[PDB]
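J.: Here's a sequence, model it:
(2 chains, ligands or ions: 3)
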Amino acid sequence: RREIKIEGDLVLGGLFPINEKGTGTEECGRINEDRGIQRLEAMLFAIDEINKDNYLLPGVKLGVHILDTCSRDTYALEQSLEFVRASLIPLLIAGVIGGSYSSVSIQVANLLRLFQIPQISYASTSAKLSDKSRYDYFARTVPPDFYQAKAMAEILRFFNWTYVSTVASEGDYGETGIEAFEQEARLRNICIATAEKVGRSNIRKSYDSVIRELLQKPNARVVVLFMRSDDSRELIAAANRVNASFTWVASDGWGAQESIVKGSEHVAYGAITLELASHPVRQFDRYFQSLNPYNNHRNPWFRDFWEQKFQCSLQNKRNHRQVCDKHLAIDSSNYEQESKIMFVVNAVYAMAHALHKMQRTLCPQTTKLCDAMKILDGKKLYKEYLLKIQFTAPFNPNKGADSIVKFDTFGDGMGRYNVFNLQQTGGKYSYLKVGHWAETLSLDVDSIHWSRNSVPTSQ
Amino acid sequence: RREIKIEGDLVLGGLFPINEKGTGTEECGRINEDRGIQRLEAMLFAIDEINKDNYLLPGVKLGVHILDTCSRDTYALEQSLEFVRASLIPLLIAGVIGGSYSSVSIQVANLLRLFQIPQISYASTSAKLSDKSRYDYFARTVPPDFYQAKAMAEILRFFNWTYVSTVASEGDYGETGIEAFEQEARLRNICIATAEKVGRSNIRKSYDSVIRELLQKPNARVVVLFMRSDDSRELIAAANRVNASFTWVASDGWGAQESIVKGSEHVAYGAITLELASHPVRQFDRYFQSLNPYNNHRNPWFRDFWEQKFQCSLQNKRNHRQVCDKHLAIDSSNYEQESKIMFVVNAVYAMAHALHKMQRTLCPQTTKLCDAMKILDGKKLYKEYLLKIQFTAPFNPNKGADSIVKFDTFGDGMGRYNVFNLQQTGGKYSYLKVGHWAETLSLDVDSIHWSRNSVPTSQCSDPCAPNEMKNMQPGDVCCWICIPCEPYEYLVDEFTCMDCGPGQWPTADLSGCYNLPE
Ligand SMILES: *[C@@H]1O[C@H](CO)[C@@H](O)[C@H](O)[C@H]1NC(C)=O
Ligand SMILES: N[C@@]1(C(=O)O)CN[C@@H](C(=O)O)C1
Ligand SMILES: N[C@@]1(C(=O)O)CN[C@@H](C(=O)O)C1
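T.: Numbers count the residues shown, from 1 in each chain, chains lettered A, B, ... in the order given. Ligands and ions are numbered 1, 2, ... in the order given. Here you go:
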């Protein structure tokens, strides 16, 4: 049971899928490197920054209480109990920054509302959450799948892929996300071959089973994927053991993760995956790359991350091979900033700018946490929060790109996605940006390298 | 922070408004005597009984973990966190028996579902809870207000009280409960004069304010009340300071509590209040009356209850007057069993019979808690629970009165309500049962003692003058104007004044025309 406790004048809860969903009786598996450890640090970074900042919450140091969600909802839920219990050693939570998988953001939202705690997700995208009548204390800095589904169908409708198959992760994410695609699919005259869907505690046999059925309709060479990062790997893994080949069209769930195609660099070749529109946070880069087990002591998971990333081994381990070189480090050769890290940082600044207004509004005299705010008014903070608008943490170069954080009447973000193509040119697999989606598709077509190096056909 | 912990092979949570909602920064006010302390004890009693019982959960002693809800939702909610946390000193909760105010049963339900814990209320009545898509782990042994509102409207529709005023407690109980009456009200052609509603942290001024407004429509002498026990008292309190008088028609919220009219025995006289149909649990009577501070040590609130009920004082107190006689006791002169106590007991037995089945089903070999049930399957227990049917804890004499506990497809109970009349005959105020509601009203009318000892009247406009006038309707259906007619025209009907014509005249009563000579 590892957590992160940094005391402060005001505290923010944190939820990150630091560890993958553990198989069997256990709950937490291997370290999620890029979407777990990075995103986590990103929050620490953002806090660090908000504390070093003078024009945003100065007399109110921001403390954090971060918990791993081990990619499982029921688990994060239990963890989250930590925050509501913290309203009565206990940390007075102001807002929770969290919910990577939609699956857990919801399960968590269902509890924070009962205790009026503002939640902000930096990645959950299920349209289900937009419903501000069931998730009245939730907000996120990313747009719902209702706008990604469109982006997806409009990609097939452009390549006359009238007959394609769908397979979606079980769970509020994949489900709602596909039900979104299903609709947008019919409307553009696209018939769905076989409707596949994986699930929980699933092993190889259930994934191969899905591959089989994707093969029982060999007319549809284009398979649409609305699956979680994990279920999206197990699928490709299966599809590879039996040299099965298709034109993969996947939701951000797969996104541009090069860690999904690892071990099947080809069975996934010439695929098309979408991701959210984001511009890397310069400072975070230098920040993360500056980390190492000798200076990152506040992150209890760092060691395990270190040993796993470098194939290391140490005394604070079990019993393995190859000890680890001191001159080992995170550099530009072993690290690429995760796509959503931007959303993490904005999520936090939001919460902060939100509090920051409450500060100056409720307490004119000082810069410190007065008596007015000794005990926050959740409801208030949340309807003094949505109404937020600010220039993305200055960690952003431009300003003219609507790079300002704010929320809709639903508390969600702007639907800007990037279209990707999985290609390899020099013995190495990489993702190349080939168009995007603003409200209408776009892509330099003659940029795409397809499987069987030919523009596919699915009718 | 006081709780009750009795260890056991299986444990049941408990929520009771033992203390009234505290005013100011504090949270818990005075002890709720009859709906708090009694109902609490009734649960203990029921447990005590289920443990002394041989044919129902024998090898599985039932433990309880009871927490006061201080009548506040946000508070019970926090306390309830005690139970979900208890699924991981911590007590393995099987189900929570609780939720007096609807207000809190909901707020609570919202949390137990997140951890699959079966809840059962012995009194929350909000229709909102019937919705098994939002409260999938809730059940109760009382029927939704959807059936009480009907019973209420049907009581006014019988006394042609076409124009009456409504005032409802703020909070899921009063609100939803009135929205229920509002609808059933329109449907029976009943216009609502002024729609009043009290609230939170409300003091005298907001109650008087409500009285004032009830007075700004002095045509409606009948006021409908869908208010919590507490808000229902503050209102009458207010209504009394200013000798205001009406015919009070109140929901069970007020019910038949003689503790509501205390201090205004007359400003509330000749009122009509509804309650759930229930028959007192004989054994509980002997049981409760057998309690006293020297033998009730497991109930941490007992002393405070004792000191408060008897005006006592003790060393485990603050600093007051008049010490307390040892020979003080709860007898037939100072105690009347609360109306819902029955529901409390059934609520628990249900939970028990439920577990009891799970016991014999999951574990054929022994009578004890086996490995199959070491860790319960909420979802399962809940859909092995609703499907329950049993003869009310034998604490009931008859059997032929559908006195069997069970739940609807919604997890609610049977809508049977009793109609009451608040009357005083010998210097003492009491509640007299005067009819009930099965699915249709009923009441021996000539049983009711009204205020101004006269069957009241609540309509919009006065009746027309036969001698002349005709009924005229502008926009609504309760408010009309009386137009007199021309000495030469009769009335085809109540509303239409029709002219007789040439060489004729309308009869004296104005029902026809008598041919004139000359
Ligand atoms: C009003 O109530 C009286 C009860 O005495 C009844 O006789 C009368 O018919 C009612 N008015 C109508 C016609 O609705
Ligand atoms: N689209 C994701 C979700 O809403 O759950 C799937 N994976 C999440 C992530 O970025 O890690 C985002
Ligand atoms: N019907 C009540 C409720 O659910 O709120 C009103 N008063 C409660 C009580 O019995 O104390 C029950």
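J.: these two touch, right, residue A:207 and residue A:198?
T.: Yes: taking C-beta atoms under 8 Å as the contact criterion, residue A:207 and residue A:198 are neighbours in contact, 6.4 Å apart. All C-beta spots, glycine's among them, are computed from the backbone N, C-alpha and C.
J.: overlap in contacts of these two?
T.: Common neighbours of residue A:207 and residue A:198 are listed as A:234-235 (criterion: C-beta atoms under 8 Å, 6 or more residues apart in numbering or on different chains).
J.: who touches residue A:77 in this structure?
T.: By C-beta under 8 Å, 6+ apart, the neighbours of residue A:77 are A:104, A:107-108, A:111, B:114.
J.: likewise residue A:277?
T.: Shown here is residue A:277, whose contacts under the criterion C-beta under 8 Å, 6+ apart are A:414, A:416-418, A:436.
J.: one more time with 10 Å
T.: A:142-143, A:339, A:342, A:401, A:413-418, A:436-438 (C-beta atoms under 10 Å, 6 or more residues apart in numbering or on different chains).
J.: likewise residue A:27?
T.: Here residue A:27 is in contact with A:19, A:21, A:68, A:70-72, A:74-75, A:78 (C-beta under 10 Å, 6+ apart).
J.: Phi and psi next, for residue A:373.
T.: Listed backbone geometry of residue A:373 is phi -90, psi 10, with angles given as degrees, to the nearest 10.
J.: Do I have it right that it meets residue A:59?
T.: No: between residue A:373 and residue A:59 there is no contact, the gap being 11.1 Å when judged by C-beta atoms under 10 Å.
J.: what is in contact with those two at once?
T.: A:9, A:359, A:363.
J.: Does the last one touch residue A:356 like I think?
T.: It stands for residue A:363. No: with contact defined as C-beta under 10 Å, residue A:363 does not reach residue A:356; the gap is 11.2 Å.
J.: more crowded one of those two?
T.: residue A:356 (20 against 17; other C-beta atoms under 10 Å in any protein chain shown).
J.: one step back: quick one, which of residue A:373 and residue A:59 is more surrounded?
T.: Here residue A:373 and residue A:59 are compared on neighbour count by other C-beta under 10 Å; more neighbours surround residue A:373, at 20 against 12.
J.: how about that one, what does it touch?
T.: Applying C-beta under 10 Å, 6+ apart, one finds that residue A:373 lies in contact with A:9-10, A:60, A:94, A:355, A:358-359, A:361-363, A:381.
J.: how about JSON lines for those residues, with secondary structure and distance to ligand 2 added?
T.: Listed next are the contacts of residue A:373 as JSON lines, based on DSSP: H, G, I helix; E, B strand; the rest coil; distance: C-beta to the nearest ligand atom, whole Å:
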{"residue": "A:9", "secondary structure": "coil", "distance to ligand 2": "31"}
{"residue": "A:10", "secondary structure": "strand", "distance to ligand 2": "27"}
{"residue": "A:60", "secondary structure": "coil", "distance to ligand 2": "30"}
{"residue": "A:94", "secondary structure": "strand", "distance to ligand 2": "24"}
{"residue": "A:355", "secondary structure": "helix", "distance to ligand 2": "25"}
{"residue": "A:358", "secondary structure": "helix", "distance to ligand 2": "29"}
{"residue": "A:359", "secondary structure": "helix", "distance to ligand 2": "31"}
{"residue": "A:361", "secondary structure": "helix", "distance to ligand 2": "33"}
{"residue": "A:362", "secondary structure": "helix", "distance to ligand 2": "34"}
{"residue": "A:363", "secondary structure": "coil", "distance to ligand 2": "37"}
{"residue": "A:381", "secondary structure": "helix", "distance to ligand 2": "24"}
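J.: Give me the domain ranges for chain A.
T.: Segmentation of chain A into domains, based on curated CATH domains, reads A:1-143+A:278-414, A:144-277+A:415-459.
J.: For the stretch 1-150 of chain A, just list every one of the strands.
T.: Listed in chain order, the strands of the stretch 1-150 of chain A (DSSP state E, counting those that start in this stretch) span residues A:3-6, A:10-16, A:19-21, A:28-31, A:62-68, A:93-98, A:119-121, A:138-140.
J.: Which strands or helices does the first one pack on?
T.: For strand A:3-6, the packing partners by 3 or more C-beta pairs under 10 Å, 6 or more residues apart in numbering or on different chains; DSSP states H and E come out as strand A:10-16, helix A:39-52, strand A:62-68.
J.: Is there a neighbour count for the nearest residue to residue A:145 once chain neighbours are set aside? I'd like the number.
T.: Excluding its sequence neighbours, the residue lying closest to residue A:145 (C-beta to C-beta, 6 or more residues apart in numbering or on different chains) is residue A:177, at 4.2 Å. A count of neighbours around residue A:177, defined by other C-beta under 10 Å, yields 31.
J.: coming back round to it: among the contacts of residue A:27, which are in reach of ligand 3?
T.: On the criterion C-beta under 6 Å from any ligand atom, none of the entries of the contacts of residue A:27 sits beside ligand 3.
J.: Including neighbour count, could these go into JSON lines?
T.: Output for the contacts of residue A:27, formatted as JSON lines (neighbours: other C-beta atoms under 10 Å in any protein chain shown):
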{"residue": "A:19", "neighbour count": "24"}
{"residue": "A:21", "neighbour count": "23"}
{"residue": "A:68", "neighbour count": "26"}
{"residue": "A:70", "neighbour count": "24"}
{"residue": "A:71", "neighbour count": "27"}
{"residue": "A:72", "neighbour count": "23"}
{"residue": "A:74", "neighbour count": "15"}
{"residue": "A:75", "neighbour count": "21"}
{"residue": "A:78", "neighbour count": "21"}
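J.: With that, I have no additional questions.
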